[PDB]
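A look at the structure
Spelled out from the first residue to the last, the chains are:
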Amino acid sequence: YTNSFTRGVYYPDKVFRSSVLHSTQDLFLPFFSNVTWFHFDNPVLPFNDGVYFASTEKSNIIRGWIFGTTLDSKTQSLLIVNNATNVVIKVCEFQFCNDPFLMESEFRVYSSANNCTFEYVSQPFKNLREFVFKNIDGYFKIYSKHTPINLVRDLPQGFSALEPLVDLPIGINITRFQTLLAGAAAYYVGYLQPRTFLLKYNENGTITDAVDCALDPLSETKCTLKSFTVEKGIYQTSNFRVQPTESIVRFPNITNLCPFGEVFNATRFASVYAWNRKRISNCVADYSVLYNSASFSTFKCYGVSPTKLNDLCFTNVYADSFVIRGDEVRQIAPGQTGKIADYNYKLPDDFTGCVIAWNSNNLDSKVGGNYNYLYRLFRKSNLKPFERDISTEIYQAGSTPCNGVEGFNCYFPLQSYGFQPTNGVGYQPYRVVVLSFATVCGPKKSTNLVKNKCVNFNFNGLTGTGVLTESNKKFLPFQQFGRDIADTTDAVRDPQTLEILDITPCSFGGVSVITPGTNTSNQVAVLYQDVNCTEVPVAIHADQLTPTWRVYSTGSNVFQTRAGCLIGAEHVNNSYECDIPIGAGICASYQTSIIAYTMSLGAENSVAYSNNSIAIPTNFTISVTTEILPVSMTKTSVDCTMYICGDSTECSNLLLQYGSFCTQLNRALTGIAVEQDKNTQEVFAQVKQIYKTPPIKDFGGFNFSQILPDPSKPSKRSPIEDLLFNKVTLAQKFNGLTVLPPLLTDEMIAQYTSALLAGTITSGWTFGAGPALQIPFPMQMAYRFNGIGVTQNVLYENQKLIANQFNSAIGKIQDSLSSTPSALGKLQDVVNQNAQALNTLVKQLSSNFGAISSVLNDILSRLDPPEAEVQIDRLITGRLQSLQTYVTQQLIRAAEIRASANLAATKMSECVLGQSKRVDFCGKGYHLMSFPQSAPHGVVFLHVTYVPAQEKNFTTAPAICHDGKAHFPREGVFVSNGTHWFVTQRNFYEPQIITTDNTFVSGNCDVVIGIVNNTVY
Amino acid sequence: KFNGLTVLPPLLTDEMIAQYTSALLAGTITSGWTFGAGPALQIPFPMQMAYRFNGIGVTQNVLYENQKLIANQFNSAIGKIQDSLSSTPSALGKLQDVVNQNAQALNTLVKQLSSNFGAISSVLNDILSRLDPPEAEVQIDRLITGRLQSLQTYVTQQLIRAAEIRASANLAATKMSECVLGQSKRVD
Amino acid sequence: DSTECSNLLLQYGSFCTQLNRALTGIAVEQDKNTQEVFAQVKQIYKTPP
Amino acid sequence: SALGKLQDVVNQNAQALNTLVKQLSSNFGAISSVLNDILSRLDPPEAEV
Ligand SMILES: *[C@@H]1O[C@H](CO)[C@@H](O[C@@H]2O[C@H](CO)[C@@H](O)[C@H](O)[C@H]2NC(C)=O)[C@H](O)[C@H]1NC(C)=O
Ligand SMILES: *[C@@H]1O[C@H](CO)[C@@H](O[C@@H]2O[C@H](CO)[C@@H](O)[C@H](O)[C@H]2NC(C)=O)[C@H](O)[C@H]1NC(C)=O
Ligand SMILES: *[C@@H]1O[C@H](CO)[C@@H](O)[C@H](O)[C@H]1NC(C)=O
Ligand SMILES: *[C@@H]1O[C@H](CO)[C@@H](O)[C@H](O)[C@H]1NC(C)=O
Ligand SMILES: *[C@@H]1O[C@H](CO)[C@@H](O)[C@H](O)[C@H]1NC(C)=O
Ligand SMILES: *[C@@H]1O[C@H](CO)[C@@H](O)[C@H](O)[C@H]1NC(C)=O
Ligand SMILES: *[C@@H]1O[C@H](CO)[C@@H](O)[C@H](O)[C@H]1NC(C)=O
């Protein structure tokens, strides 16, 4: 017994495909399944819907195969044998052998050749010979391939596909298969099972990889995502249900047979105008004998299939019978017009019964005419359904009013049928009876009722699944059923014992798979949603999962969360920042095993609060941060008529009847294209002049070489822009889909951003509110320092340090972008989502929508107009909904880029053209300046900010009393180092002596709380 | 319930949100506006109030000389919030109006399973028990086309309604950065 | 629990793999909304006793 | 062209209402657009389809 080692794939069809990850749903060999092994023995082996036959030998031993269904001297089977130079195929009838064999020449396996049909003599641990057979669809297909092997252990790794060789159009059955060689040579036999695969075609068109969909959960995630590598995260794979155990059927006792014979075998029948009706109730009727009782001339009945009539229960059977004249039968049907249909007997359109008719010439044929049967003639109005008219008085039809007489304008209402034995079948009589459709039930049984397992039921007429537990919802002494909110079927009353149960369907849920990533490892964990996994292990959750899934459905580690229960992960106590979310504050990660824990919000910190304590920084740092925002998306135009008709003159005219649904889509698609140019203009084109940086570079030690354009490259783009362009690359033709080019190129956006940079460097904030006025850069930095509350002499005394920090900060952005390939993620999602929407709109053109074919050429050139409009119209309905869905989703998605484009316009005006005083709008810390950069479909902002450091604690007081007066600071605070008092600014430590010019006086020192004593110079 | 309708739990529970709010309150009480830009620096509360008075153009001797009055006014002002929230139950009308709209859309989806668009019945176990296979496919195809339209209208309105909530969440995050982590000079 | 359904529904294309992707996107979005409002302080602070 | 923005709101809200009324004069794959000729030329059982 040896399992499969990834072997046994073939080419399902003769169609060439390259570089496509196609999916198939054909019979295949399940992966990792054991096969039988044989080696001087060769017994019988059943065929059983497929074979993976393979024999390995270094010498020519295997000769041929013989098949069959019964292996007798009567059965038809093949006699495939191999000659010295040719091959022989013969599927005929011959003589079988109890122990056939085949050592130079042996002839003891056959002695008959009678009734032979097909002959097809044609060309034909060291070597593997693997063959695959199958018999289906009135055909028998043979596939094979061979390859040398250098191994002495077993079948090697990898696989190679199989190709067709021949075909044999035959109709036969086969239930046995035995080989015949020349101690016996080894070989294997495996069977085939329906499955679903996913194969890969290389460039040349050869299958080199395939995966299953029911082996392990990771394979299911691969199938759902349609790829061969899955990244980190949690994915939703499939659903989950329970299967029932058995069925219960319960019918009333009722033991008596319906009076069918007295209705069908009545000697005397009434008239059509005075049809008699008979009521049937509380009986058991078998309709099988009803059809077989006699040969009826017409049984075509509506609403119920006659085969299923034996398994339905009704409330009443209103039978009625009458007699008409020959061809008048055609009026006995709903929606018909005629004398019988109008003035005699009307069938309502909601009729749900059956009609049975037959002739009997040898029952009512008298010579000279049978005048006992009469039928109504000209009347006033139309008879309502199921209404009988019994009046036979003379009716007046004319202007002259007559009273009780006849003659002119007054005639006897009825008329005598001319039933004569020599009359034609058109005027011959006819016998008909109509059945119109709990009391009447058919034959059945009654199995004892179960109480704790969810099973099928057929209580009275309702079919369904669910559990049956006792119900304590008191019923009134006459009710039968019960229904809860939203009209859901519920508690039912048992016909045998007066009892009320409950109905609740078997449990269902959803399955998700957590994967660390195939690049790292392979093991996975599985989560069942909103299910208390007390039923999963064995006896309940076995409907679609192979036994390999059992280890992932039960085991040693099972942990119950609020989102369900997790199988395959262990529970720890300590908590970290979490990576993969699950829900209810539980996350999972990889520790190399899978770890599930609780989230941690952050670290701990207790600020030392006191009545008279303060903290003031003594140093600072300069920081730079990034920010990415999208501005625009790709223009797309789709042609109306080309998509749904495809250059067919027989389709265009059938579309004009629908109206203006076709020209209302192009306008909507043009609106977005118009908007995604104003989006860019609002953001980048807001300076009216082009500025240039001076040739020399003396900016006080600051170095702007990494954001300014370079003259040693044709692109005229900054190195940061080069990296951004190379990181992200800037949906097929045919079928009337086009892409329009943007109005502004990239070499123009580069010019705009260079102009903005030159303006902010050489002028400041002046060029955005009038004419541009020049100013040296360190003076501008002094002005910007004064805007956050720090005096300007701080900058001038620490110029070199600030310049060095600025230069070092800008040199780490390149690394922080080129070392993290997941940084420009916001701009990749807009590109990815647009391609997915356009990829589905082209796959929807290969769908039938309920038609013979999905191509308009085959339908047209296989049929004529009057019955081709029905098939075409069913394709213009489904192909128009696919376009309506696409346009609506794009209108919503474009309202999200407009919101992001409008925000980017605010940032450029308030962060690049000025200094902002709001918080977190323009980065962390205190804002100093900002610089713009260009992206393929967006913008990038680099912010420069101010952050304190190196704090120290002092002692403070709100005021000072001296000579009976209270002294207050002008702009500062009062601090002490333990012996002396000073005055300093709030964002930087720089002590000074308290005097008059930095202090104002108001009031005496007997009101404020916390005043201290000191001296003022 | 049932019929393929599930509700998933949020990632953050209520306790964690309570901890976040408590941390923000502690930071704003014991440290001022400093912790929103760097390391937290302590400062006594009346001095923080004196700082905040300077931002609106009032000199700081006004606060110190009337501390016991501002304290009483602040304490009395908060105590009236409970008496106004407890009464007038229509105060939280912006939060009930979003719970109702979602639940009014799940009812119309389930209630539409009781329609029988141009067919014999509304339940699929009766057209499959009273009819032959070749005929019981025109009736089944009519029910499918109606249930797909009902499930398509539901998704479109959820997309439009979701875009409206994202606008409010983007506004609230601005008020937390600008009116809680610092002082604001914008009007209203 | 009806196979005639699953055999008849396949002919309409992919009109409920598109409906199961919009709702997941909506559900995922109502987690950045809560994170963008409350989670903006790194540490946890405690009021003095 | 000074008051361009406000004029486009009026025009868009009037083009849409015109298209809706004009769509009442299309067959959609039937014999006639008016209901009083469908009934007055066909009998009910197949006039309903
Ligand atoms: C203020 O911080 C700066 C850091 O930005 C300090 O400058 C560094 O000083 C160390 C000496 O201890 C040098 O090794 C570094 O090279 C300096 N940094 C740079 C960028 O040159 C500065 O000394 C600090 N000042 C005080 C008073 O502590
Ligand atoms: C607190 O600061 C005062 C500043 O006035 C320090 O007092 C001076 O300390 C220097 C250092 O020896 C002396 O030369 C001066 O004579 C002191 N007085 C003045 C008026 O400058 C004081 O030492 C500091 N206290 C501590 C603990 O460092
Ligand atoms: C009428 O009589 C015949 C006699 O052979 C019988 O076979 C048939 O079943 C009877 N009809 C009914 C409806 O039972
Ligand atoms: C048959 O009659 C008995 C008598 O009480 C009772 O069980 C019930 O009415 C009938 N059984 C059924 C309907 O299964
Ligand atoms: C400062 O606060 C502390 C804390 O209780 C206490 O000594 C007193 O309330 C205040 N002291 C002075 C001198 O104001
Ligand atoms: C600015 O930095 C770049 C990158 O290190 C360097 O090549 C250039 O020489 C610097 N500028 C000056 C004026 O040295
Ligand atoms: C300041 O000096 C006055 C005058 O003696 C005294 O009354 C007051 O208590 C002193 N204040 C402090 C804080 O020592």
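Here's the deal with the overall build of chain B
When helices and strands are tallied, chain B shows six helices and zero strands. Traced from its N-terminal end to its C-terminal end, chain B shows the element sequence α-α-α-α-α-α. Relative to a compact globule of 188 residues, whose C-alpha radius of gyration would be 16 Å, chain B shows 29 Å and is clearly more extended. Seen through its C-alpha atoms, chain B measures out along the principal axes to roughly 95 × 40 × 30 Å. Sequence separation of at least 24 residues holds for 38% of the intrachain contacts in chain B that already meet a minimum separation of 6.

Looking at the nonpolar core
Residue and element names in this part refer to chain A. In this structure, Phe704, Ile707, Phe785, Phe931, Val944 and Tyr946 are the most contacted members of the largest nonpolar core, which totals 37 residues. Sequence-distant contacts of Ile707, defined by excluding residues within four places in its chain, comprise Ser718, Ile720, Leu757, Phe931, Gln933 and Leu942. Counting 25 residues, the second-largest nonpolar core is a separate cluster that includes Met633, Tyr643, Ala668 and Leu669.

Some remarks on the site of ligand 1
All names here are of chain A. Around ligand 1, the neighbouring residues are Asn619, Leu801, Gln805 and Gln950. In the environment of ligand 1, an oxygen atom lies 2.4 Å from a nitrogen or oxygen atom belonging to the side chain of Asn619. Within the side chain of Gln950, one N or O atom sits 3.3 Å away from an oxygen atom of ligand 1. Here ligand 1, which alone exposes 590 Å², has 30% of that area covered by the protein. Its residues assigned to classes, the shell around ligand 1 comprises one nonpolar, three polar and no charged.

A closer look at the pairing of strand 34 (residues 464-470) of chain A
All names here are of chain A. Across three bridges, strand 33 (residues 455-458) lies against strand 34 in antiparallel orientation. Note on strand 34: the bridge partner recorded for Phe457 is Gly464. Hairpin remark: strand 33 followed by strand 34, antiparallel, with five residues in the connecting loop.

Some details on the sheet that holds strand 36 (residues 509-515) of chain A
Residues and elements named next belong to chain A. Strand order in the open sheet formed by five strands is 20-36-37-39-38, and the pairing between neighbours is antiparallel. Each edge of the sheet is formed by a strand with only one pairing partner; in this case those strands are strand 20 (233-240) and strand 38 (558-561). This sheet shows a mean twist of 25° between the axes of neighbouring strands, independent of strand direction. Sheet strands touched by helix 1 (residues 217-225): strand 20 and strand 36. Its angle to strand 20, the strand with the most contacts, is close to 95°.

Quick word on the UniProt feature "disulfide bond" in chain A
Residue and element names in this part refer to chain A. Of the disulfides listed in UniProt, the one linking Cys301 with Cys354 is reproduced by the coordinates, which place the two sulfurs 2.0 Å apart. Here the residue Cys301 occupies a position in the loop between strand 24 (298-299) and strand 25 (317-325), and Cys354 occupies one in strand 26 (residues 354-358), the gap between them amounting to 53 residues. The two residues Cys301 and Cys354 agree in class, both being buried.

Points about the state of the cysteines
Among covalent bonds in proteins, the disulfide is the one between the sulfur atoms of two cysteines. Residues and elements named next belong to chain A. For the coordinates displayed, the defined rule picks out 11 disulfides over all chains. Across the disulfide, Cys92 is cross-linked to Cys116 (sulfur-sulfur distance 2.0 Å). On the sign convention where negative is left-handed, the bridge of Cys92 and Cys116, at about 60° about the S-S bond, is right-handed. The class of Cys116 is partly exposed, set by a relative accessible area of 38%. Sulfur-sulfur distance for the disulfide between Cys961 and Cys1005 comes to 2.0 Å. With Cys961 in strand 51 (residues 960-962) and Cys1005 in the loop between strand 55 (999-1001) and strand 56 (1012-1013), this pair connects stretches of sequence that are 44 residues apart. With relative accessibility at 12%, the residue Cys961 sits in the buried group. Assessed through its relative accessible area of 24%, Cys1005 is described here as partly exposed.

Describing the interface of chain D and chain A
Taken together, the contacts link eight residues of chain D with nine residues of chain A. Buried area between chain D and chain A, both sides added, is near 690 Å², and the carbon and sulfur share of it is 47%. Residues that form the side of chain D that touches chain A fall into these classes: two nonpolar, six polar and no charged.

What to know about helix 13 (residues 799-810) of chain A
All names here are of chain A. Look at helix 13: 17 Å from first C-alpha to last across 12 residues, which is about the 16 Å you get at 1.5 Å a residue. Within helix 13 the residues assigned to the buried category are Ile802, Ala803, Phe806, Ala809 and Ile810. Here the buried residues of helix 13 occupy an arc of 130° about the axis, which is enough to place them on one side. Where the residues of helix 13 are buried, they touch strand 45 (613-625), helix 11 (777-786), helix 12 (793-797), helix 14 (813-818), strand 49 (926-935) and strand 50 (938-956).

Details of the sheet that holds strand 7 (residues 77-78) of chain A
Residues and elements named next belong to chain A. Pairing is antiparallel in the open sheet, where three strands are placed in the order 7-10-11. Strands with a single pairing partner mark the edges of an open sheet, and in this sheet they are strand 7 and strand 11 (116-119). One ladder, built from three bridges, connects strand 10 (residues 90-92) with strand 11; its direction is antiparallel. Each bridged residue has a counterpart across the sheet, and for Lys90 the counterpart in strand 11 is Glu119.

Definitions and cut-offs
- Residues numbered from 1 in each chain as written, not as in the entry; some residues may be left out.
- Chains lettered and ligands numbered in written order.
- Part of a larger assembly, values for the part shown.
- Heavy atoms only, no water.
- Residues with missing side-chain atoms left out of burial classes, pairs and counts.
- Helix = DSSP H or I, 4+ residues; strand = E, 2+ residues; numbered from the N terminus.
- Rg over C-alpha atoms; globule rule 2.2 N^0.38 Å.
- Contact = heavy atoms within 4.5 Å.
- Core = buried A, V, L, I, M, F, W, Y, C linked by side-chain atoms within 4.5 Å.
- Buried < 20%, exposed > 50% of the residue type's maximum accessible area, 1.4 Å probe, protein only.
- Near = heavy atom within 4 Å.
- Polar contact = N/O pair within 3.5 Å; in protein donor to acceptor, adjacent residues only side chain to side chain.
- Areas by Shrake-Rupley, 256 points an atom, 1.4 Å probe, with all protein chains shown as cover.
- Nonpolar A, V, L, I, M, F, W, Y, C, P; charged D, E, K, R; others polar.
- Pairing = 2+ DSSP bridges.
- Axes fitted to C-alpha atoms, helices over the stretch in contact; angles between N-to-C directions.
- Disulfide = S-S within 2.5 Å.
- UniProt positions renumbered as here; feature names shortened; annotations may be inferred.
- Buried area = accessible area lost by both parts, 1.4 Å probe.
- Expected span 1.5 Å × (residues − 1).
- Arc of directions from axis to C-beta.

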